[PDB]
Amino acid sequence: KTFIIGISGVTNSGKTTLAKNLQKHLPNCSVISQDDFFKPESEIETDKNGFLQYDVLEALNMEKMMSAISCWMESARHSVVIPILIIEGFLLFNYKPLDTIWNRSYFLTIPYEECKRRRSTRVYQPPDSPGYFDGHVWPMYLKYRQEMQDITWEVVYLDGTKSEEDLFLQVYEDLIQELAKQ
């Protein structure tokens, strides 16, 4: 009845833009962004070096996100008199409760050098502290990729250095084939 797409990947790799571009070309499609479920700074912990622990599941209210997904599911049942949900976020594929929800999974990748450069041009709240990328972001990303070594479902890895349109066309082409097989 429904088709759920997961778009994860390294930080600042065009995940939200890809989700939005796909949505504009798919009927009855909604998007849920993991970034909307981060806990407030006051609830974030710090490591031995004083770095805020934002790049781990503990920094997110995943129970609240599951509730949001369940709400979409209920809405989807009344949207037709196929409903598509795209869930996008940097830490989705290591969350066990959702391991069986994915009908198709995409993962945006960008090498260390370029990822660091792009991250610096972006402003977060709170802003990245000095040395935050090498001290927390990248190490946690590597931990995430390590956890994914034992992933239990198929993931399509994407080159995040490709253009917005290139990525959209690539994923759309794949998605329509998957929808057809359903």
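One-based numbering along the sequence shown. Each form is matched to the other, and the largest set of C-alpha atoms that superpose within 1.5 Å is called the rigid core.
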68-76 versus 102-110: which one's CA atoms end up farther from this form in 6 other deposited structures of this protein after a core fit? 68-76
Stretch 131-139 versus stretch 35-43: after rigid core alignment, which one is farther off in C-alpha RMS in 6 other deposited structures of this protein? 35-43
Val81 dropped in a third or more of the other entries: yes
Determine, for stretches 106-114 and 67-75, which one has the higher mean CA B-factor as deposited. 106-114
Which of 46-54 and 136-144 has higher mean CA B factor, as the PDB entry lists it: 46-54
From the list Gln125, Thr152, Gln34, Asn61, select the residue with the highest C-alpha B factor recorded in the entry. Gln125
When the modelled residues of the chain are sorted by Cα temperature factor, does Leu175 land in the lowest, middle or highest third? middle
Based on the entry's values, in what third of the chain does the Cα temperature factor of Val81 lie: lowest, middle or highest? highest
